[PDB]
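Okay, structure first, notes after.
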Amino acid sequence: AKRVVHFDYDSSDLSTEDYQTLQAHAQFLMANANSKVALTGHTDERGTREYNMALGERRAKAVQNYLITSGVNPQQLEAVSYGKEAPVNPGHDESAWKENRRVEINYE
């Protein structure tokens, strides 16, 4: 299923599309107690490294909080930020940047 949620510039807001994506994972995690996921937050290159580390954290926490409020056991979740340092696309335009503003749902 969809293992990635994308974000707009300088935003950690979730959309209704994201709700559906995350709802599926929430249900799966609640039915599979031994499954664990790492929610990694990322940003595009605009702005400082530290600013983006924080933004990546806000994105990861938004996803983590959604799952927890949905009923997922906090012990099955881990939120970490990579800021702008682990891009999917190394490009220097919006086509590349939109791929980088994201939170990845990585199952162990």
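By order in the structure tokens, chains are A, B, ...; within a chain, residues start at 1; ligands start at 1, following the order shown.
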
What's around residue 64 of chain A at 10 Å? Count only C-alpha atoms, leave out sequence neighbours fewer than 3 positions away in its own chain, and write the answer as a CSV table (one decimal) with N, CA, C and O atoms, in the first residue's frame.
```csv
chain,number,residue,atom,x,y,z
A,22,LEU,N,-3.3,6.8,6.0
A,22,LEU,CA,-3.0,6.5,7.4
A,22,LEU,C,-4.0,5.6,8.1
A,22,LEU,O,-3.6,4.8,8.9
A,37,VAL,N,6.6,0.3,13.0
A,37,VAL,CA,6.9,1.2,11.9
A,37,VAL,C,7.7,2.4,12.4
A,37,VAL,O,7.5,2.8,13.5
A,38,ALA,N,8.6,2.8,11.5
A,38,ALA,CA,9.4,4.0,11.8
A,38,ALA,C,8.8,5.0,10.9
A,38,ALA,O,8.7,4.8,9.7
A,39,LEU,N,8.4,6.2,11.4
A,39,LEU,CA,7.9,7.3,10.6
A,39,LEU,C,9.0,8.3,10.5
A,39,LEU,O,9.3,9.0,11.4
A,40,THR,N,9.6,8.3,9.3
A,40,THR,CA,10.7,9.2,9.0
A,40,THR,C,10.2,10.5,8.3
A,40,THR,O,9.6,10.4,7.2
A,58,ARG,N,8.2,17.8,12.8
A,58,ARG,CA,6.8,18.1,12.9
A,58,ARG,C,5.9,17.3,11.9
A,58,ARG,O,4.8,16.9,12.3
A,59,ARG,N,6.5,16.9,10.8
A,59,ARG,CA,5.8,16.1,9.8
A,59,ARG,C,5.7,14.7,10.3
A,59,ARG,O,4.6,14.1,10.3
A,60,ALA,N,6.7,14.1,10.9
A,60,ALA,CA,6.7,12.8,11.4
A,60,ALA,C,5.8,12.7,12.6
A,60,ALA,O,5.0,11.7,12.7
A,61,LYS,N,5.8,13.7,13.5
A,61,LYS,CA,4.9,13.7,14.6
A,61,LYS,C,3.4,13.8,14.2
A,61,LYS,O,2.6,13.3,14.9
A,67,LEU,N,-1.9,8.4,14.0
A,67,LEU,CA,-2.0,6.9,14.2
A,67,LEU,C,-2.3,6.6,15.7
A,67,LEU,O,-3.2,5.8,16.0
A,68,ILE,N,-1.7,7.4,16.6
A,68,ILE,CA,-2.0,7.2,18.0
A,68,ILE,C,-3.5,7.5,18.4
A,68,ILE,O,-4.1,6.8,19.1
A,69,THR,N,-3.9,8.6,17.8
A,69,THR,CA,-5.3,9.1,18.1
A,69,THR,C,-6.3,8.1,17.5
A,69,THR,O,-7.4,7.9,17.9
A,70,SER,N,-5.8,7.3,16.5
A,70,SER,CA,-6.7,6.3,15.8
A,70,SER,C,-6.8,5.0,16.6
A,70,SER,O,-7.6,4.2,16.3
A,72,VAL,N,-3.7,3.2,17.6
A,72,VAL,CA,-2.4,2.5,17.5
A,72,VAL,C,-1.6,2.6,18.7
A,72,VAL,O,-1.4,3.7,19.3
A,74,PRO,N,1.3,3.2,21.0
A,74,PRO,CA,2.6,4.0,20.8
A,74,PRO,C,3.8,3.2,20.7
A,74,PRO,O,4.8,3.6,20.1
A,77,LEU,N,5.2,2.5,17.3
A,77,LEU,CA,5.6,3.6,16.5
A,77,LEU,C,6.9,4.3,16.9
A,77,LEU,O,7.2,4.3,18.1
A,78,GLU,N,7.6,4.8,16.0
A,78,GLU,CA,8.9,5.5,16.2
A,78,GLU,C,9.0,6.7,15.2
A,78,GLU,O,8.8,6.4,14.0
A,79,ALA,N,9.1,7.9,15.7
A,79,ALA,CA,9.2,9.0,14.8
A,79,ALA,C,10.6,9.6,14.8
A,79,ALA,O,11.1,9.9,15.9
A,103,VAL,N,6.8,12.0,4.6
A,103,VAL,CA,7.0,11.2,5.8
A,103,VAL,C,6.9,9.8,5.2
A,103,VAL,O,5.9,9.5,4.5
A,105,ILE,N,6.6,5.7,5.8
A,105,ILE,CA,6.1,4.7,6.8
A,105,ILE,C,6.9,3.4,6.5
A,105,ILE,O,6.6,2.7,5.6
```

Check: Counting only C-alpha atoms, what is within 12 Å of residue 43 of chain A, bar same-chain residues fewer than 4 positions away, as a PyMOL selection string?
Finding: chain A and resi 5-12+47-60+81-90+96-104

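Reported to one decimal place, the separation of atom CA of residue 80 of chain A from atom CA of residue 35 of chain A is 17.4 Å.
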
Checklist line | For residue 32 of chain A, the nearest of the candidates A:73, A:106, A:95, A:15, counting only C-alpha atoms | finding: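 For residue 32 of chain A, the nearest of the candidates is A:73.
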